[PDB]
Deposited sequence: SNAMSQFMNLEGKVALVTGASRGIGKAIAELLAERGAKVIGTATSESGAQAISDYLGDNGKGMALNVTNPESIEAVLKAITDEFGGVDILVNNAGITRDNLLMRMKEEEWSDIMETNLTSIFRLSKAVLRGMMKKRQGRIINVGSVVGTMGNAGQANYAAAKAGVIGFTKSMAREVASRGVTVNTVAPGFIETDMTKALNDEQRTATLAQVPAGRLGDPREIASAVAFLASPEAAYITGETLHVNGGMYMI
């Protein structure tokens, strides 16, 4: 149908080799987008190419590296034209209580989960602004809003993603670009967590289950759609009731 249809749009999804990023890439391609997913290695990029088939391709990207970012965008732009939908999914955890938290575990989180969104967003935004159409969608976390002990660095980065999102949303709203965050709760990815730890996390989820990566993909696809043009500066929580704002 013409409902939630991304035909003619070019989507870049960072960290698309597995889990949530993969589900996002697959669903955007199902809705008609031409999708470039990224991994940190060529092997990972190839596997992304393998699952996207004629609907897009894989490329190697380190989101902390300016020259990598430039190489990937020029390659995309040459072949596909300018990016219409940016999904900043790539991210990491470096968990520790503050008294144990290393300088590098702080800085690596800031770099990968926050500074990267500044860099990538800045590198796609000019085209979007010229076309008067764009989507920037960040994958945040319930922890960004809720906080979590042992994840102060992660929480800071994810919270900063929202502050950036709101500010960019104000900056570019008049030129037809939206900027938003999807904040997952606990999603099956998480596996191999102790039996003890899962039940304890699950105990805080009214839904009484982990979310599926597809459920995060669906929310992203929605915000990426033409139908979602009047949503901007928003944080959409998909966490089974774990937190309610």
{"query": "Stretches of the record's deposited sequence for which the structure holds no C-alpha atoms", "finding": "1 to 4, 194 to 195"}
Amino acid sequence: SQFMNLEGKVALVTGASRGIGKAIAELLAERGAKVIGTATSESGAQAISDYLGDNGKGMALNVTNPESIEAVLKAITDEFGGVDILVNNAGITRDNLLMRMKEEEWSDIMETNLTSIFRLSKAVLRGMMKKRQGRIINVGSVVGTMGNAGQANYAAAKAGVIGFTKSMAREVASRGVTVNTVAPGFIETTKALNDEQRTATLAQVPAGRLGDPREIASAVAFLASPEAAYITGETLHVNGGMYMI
From here on, numbers count along this sequence of modelled residues.
property: Of 180 to 188 and 48 to 56, the stretch whose C-alpha atoms average the higher B-factor in the entry; result: 48 to 56
property: Mean temperature factor over C-alpha atoms, higher-scoring stretch between 105 to 113 and 69 to 77; result: 69 to 77
property: Top residue by Cα temperature factor, when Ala217, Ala200, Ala39, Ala207 are compared in the entry; result: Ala200
property: Highest-ranked of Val124, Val139, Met146, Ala156 once sorted by CA temperature factor in the record; result: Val124
property: For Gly150, the third of its chain into which the C-alpha B factor falls; result: middle
property: Record-listed C-alpha B factor of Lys131: chain third; result: highest
property: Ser174, C-alpha B-factor rank within chain (lowest, middle or highest third); result: highest
property: B-factor third for the C-alpha atom of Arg18 within its chain; result: highest
property: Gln2 - Cα temperature factor, lowest/middle/highest third of chain; result: highest
